[PDB]
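Structure 1 and structure 2 below are the same protein chain in two forms, each given by itself as structure tokens.
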Structure 1
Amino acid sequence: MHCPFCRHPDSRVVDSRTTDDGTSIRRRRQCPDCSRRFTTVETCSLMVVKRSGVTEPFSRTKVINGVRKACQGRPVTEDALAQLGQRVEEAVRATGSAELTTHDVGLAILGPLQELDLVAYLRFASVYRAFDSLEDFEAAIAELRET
């Protein structure tokens, strides 16, 4: 990493410790040229921006609850819901963005949910793909037969 003071191309790591909660790693680095020591923090935090304008930490439990409610009346097991939540969280974190919108969360859910149950996928994409008339629903039923 570039030294904050002299902008040297590289620096050496002289201390590293994982935080007690395990979320972040605190490192202390020293610049080889100017011999100056600076502190850096490495995190894996993820945030979702609510439609009301408030950002809150990502939660797999809320995704599982939402997909469970959307799968009401269908034969879905708890192991399948947990696996779907894990897949959604992994796919969301793979983008690398620190914060994302809940619409993108729903779009990510749309993938595994189709493999889970077709009725729940249809009644979920009717909201998150913005269906406007019966024709849009009929086209979606046709895409599912093609896939």
Structure 2
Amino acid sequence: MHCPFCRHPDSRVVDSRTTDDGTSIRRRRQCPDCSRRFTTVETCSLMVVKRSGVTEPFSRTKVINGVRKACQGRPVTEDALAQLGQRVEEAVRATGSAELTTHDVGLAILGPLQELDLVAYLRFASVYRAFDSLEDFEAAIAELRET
């Protein structure tokens, strides 16, 4: 890997160790140009198994865009949207699995989303859960009232 301090095309791994739980590998490497050691973390690519079976790369941008579509004309700032996206990403990586279904990401969005805007939660749950009729919205309203 190209040295952050010397831009060398090639570098050698002088240390490679497994991190706790093995969710990452710590690889320190010595460059041959400026001889400055640099450490790197090798982590699994978080994949989202879309509902068509496509495993796209995980992107908090899509999560934030969906929540923003739910949060239209609401007292929800871009800072709050970014914080919710970060919380969703942190939860789904703390789950540990490399591939999460879009259903899991939707659930990870929903439980925090109640705190940012309960009404935005309703618009997000309606599109995400594919609420068939007002019975589904009334059921969703019930659950929001039940704790």
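Residue numbering: structure 1 sequence, from 1. Rigid core (definition): largest C-alpha set, two forms, superposition within 1.5 Å.
Superposed on the rigid core, the two forms differ between structures 1 and 2 by 2 Å or more at the C-alpha of one listed residue only; from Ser97, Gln86, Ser59, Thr40 that residue is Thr40. With the core superposed, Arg29 shows a C-alpha displacement of at least 2 Å between structures 1 and 2. On rigid-core superposition between structures 1 and 2, the C-alpha of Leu116 is found to move 0.3 angstrom.
On the core-superposed pair, the CA position of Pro75 changes by 1.3 Å between structures 1 and 2. Structural comparison between structures 1 and 2 after rigid-core fitting shows the C-alpha of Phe137 displaced 3.6 Å.
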